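What follows is one chain in structure tokens, specifically the form solved without ligand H4B.
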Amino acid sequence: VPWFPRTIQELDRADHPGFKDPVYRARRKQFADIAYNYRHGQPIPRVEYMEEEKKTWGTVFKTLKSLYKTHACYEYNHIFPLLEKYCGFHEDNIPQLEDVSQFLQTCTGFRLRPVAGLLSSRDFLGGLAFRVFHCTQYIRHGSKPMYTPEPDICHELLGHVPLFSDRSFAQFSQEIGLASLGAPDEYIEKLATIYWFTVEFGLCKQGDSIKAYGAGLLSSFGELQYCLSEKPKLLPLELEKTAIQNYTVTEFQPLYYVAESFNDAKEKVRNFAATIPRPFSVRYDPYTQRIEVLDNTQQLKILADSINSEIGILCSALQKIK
């Protein structure tokens, strides 16, 4: 059985544009080092971004800000003015992670964590189990401010973050994290694939119309308008046949699974999670910020107690709503 983090602190474990740039290069190595030195508990170090960078930020912050009220989903359009008014979300200044993290935490409890560059799906997903998002502090090269070969502070901030501010989305994400914990490769890859057609390139239901909630969609200008058109062949979010689906990395996907809601996708996920054959069950304890392995009979005595009291609340509340 694959190894997985039990504690939150246990997470401590040329075609590229700008490859010829000695500065940007050493700059991106500067950011990575920050990551390698970052240990949970301490505030995310702040950085003094450069204009050549701040320009690229505003070039994307302007190009996308127009298509959000249009193509972006509600939960996005709702939180944005709060992100702008609070975490310094403006085309003239790049938002500081410590702020966004500190912010997201009060919304859902999701904290940010600076990742060197990239990491396994098992590792990425594992962070979600603790409502921890591994974010990139760096930024794409100014050469092509409309394209990134991988996640940059724009994709993470103007794509992922706004969704992680939504109550229903967080639990949903966390589910996948709890699922991936100790899951066999085949399923790990399957979840990643789901994570794609959902978190990265997913489309939600807003009444009759369809909106874009995918992080890869929201941060990408060209696909934001493409996924909303009548060119791609939409399908229902069915985790069963969605995990099998093969996709391209460098280009647009003709398939975009339409989820009813995050609260709803959550259930097919839990299902896909129940599908995950694990020799046990795990539960996250937000108080001890530990991961509880449910295998013992006394381990269940306490989860039972947790629920028992919580419903007792749900009842008393309900009893008072005549």
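Counting begins at 1, following the sequence as shown.
Another form, the form solved in complex with ligand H4B, is not on view; read the next lines as being about it.
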_Partner contact for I94 in the bound PDB entry: ligand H4B, 4.5 angstroms, heavy atom_ = no
*Report yes if any heavy atom of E200 sits within 4.5 Å of a heavy atom of ligand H4B in the bound PDB entry; otherwise report no.*
yes
*Mark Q174 yes when one of its heavy atoms lies within 4.5 Å of a heavy atom of ligand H4B in the bound PDB entry, and no otherwise.*
no
*So in the bound PDB entry, does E75 come within 4.5 Å of ligand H4B, heavy atom to heavy atom?*
no
*in the bound PDB entry, the residue from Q245, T108, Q102, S121 that sits within 4.5 Å of ligand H4B by heavy atoms*: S121
*Of the options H141, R131, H155, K211, which one has a non-hydrogen atom that comes within 4.5 Å of ligand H4B in the bound PDB entry?*
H155
_Can you tell me which of 202-210, 155-163, 81-89, 233-241 lies within 4.5 Å of ligand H4B in the bound PDB entry, counting heavy atoms only?_
155-163
*Would you give me the residues of 189-222 that have any heavy atom within 4.5 Å of ligand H4B in the bound PDB entry, in order from first to last?*
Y195, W196, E200
